[PDB]
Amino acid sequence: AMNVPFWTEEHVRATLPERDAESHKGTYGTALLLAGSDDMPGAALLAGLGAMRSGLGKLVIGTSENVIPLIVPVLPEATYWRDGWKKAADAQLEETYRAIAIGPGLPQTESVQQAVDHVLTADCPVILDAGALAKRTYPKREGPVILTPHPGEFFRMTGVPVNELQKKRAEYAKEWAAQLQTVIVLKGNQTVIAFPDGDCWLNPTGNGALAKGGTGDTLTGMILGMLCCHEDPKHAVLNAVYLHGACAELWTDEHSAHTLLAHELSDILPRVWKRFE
């Protein structure tokens, strides 16, 4: 209705970063992932794999103590801030991060919001997902704040009922990105990426293989890692959404769309990303 353009293959190709010969892990920064709780542990593994696959230099995972041992055998490249998401409720971060994500696998509690308020005093891009998404406003700060709601979460944030939202997705996503002054990645078929300066794009990739638990956790991690290796955080968000969907499309070439498990998106991304270089 607003003729929102698609972020196309050519846009992805033009904006994906190089990984120069003369670079080291510091060049690509340290990200912080605040995710995973005792009854929702998996989201931390899913977002952690997503992030480390996506071009960062180092990853610190601030997860609940009992979730740590579940990540290590799969992702021994991550290090930990023990009970990090809980500790972030109590004080500003003393360490500097290139980008921060909070929420996958976290409960929708006031303590999580206290951690959000603390993380937002850092000077870096911050992603809020899942349990960190609430009806609230956001402080003026330098770095972008990126919200990644599915339509149910968007209802929670805005009071716009899902059946109404789905009739005018880009109109609502844009209106709320403007009002909140946050980026909004409104998930679904033709995911909307709405920027608070009024730029808006639709994502052309993806399919129903993604319509299963965990896929958004992987996405959150992909955005996190891409924020570390892209100079322009807009490109990081857009490329992450695009490549996430493209991994599902590769899967369905030889596998049924009913059978994908989220973590496999991370396994597919290395070859998919290569195709866009």
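Residue numbers here begin at 1 and follow the sequence given.
> Got a sec? Mean C-alpha B-factor, which is higher, 124-132 or 82-90?
Replying inline: Looking at the recorded C-alpha B-factors, 82-90 comes out higher on average.
> Comparing 144-152 with 115-123, where is the mean C-alpha B-factor higher?
Replying inline: That would be 115-123.
> Lowest, middle or highest third of the chain for the C-alpha temperature factor of residue 100?
Replying inline: Within its chain, residue 100 is a lowest-third residue by C-alpha B-factor, going by the deposited values.
> Among the modelled residues of its chain, does the C-alpha B-factor of residue 19 lie in the lowest, middle or highest third?
Replying inline: Residue 19: CA B-factor falls in the highest third of its chain.
> Ranked by Cα temperature factor within the chain, is residue 202 in the lowest third, the middle third or the highest third?
Replying inline: Tercile = middle for this residue's CA B-factor.
> With respect to C-alpha B-factor, does residue 183 fall in the lowest, middle or highest third of the chain as deposited?
Replying inline: Lowest third of the chain for residue 183's C-alpha B-factor.
>> Sorting by Cα B-factor within the chain, modelled residues only, which third would residue 194 end up in: lowest, middle or highest?
In response: Lowest third, going by the recorded CA B-factors of the chain.
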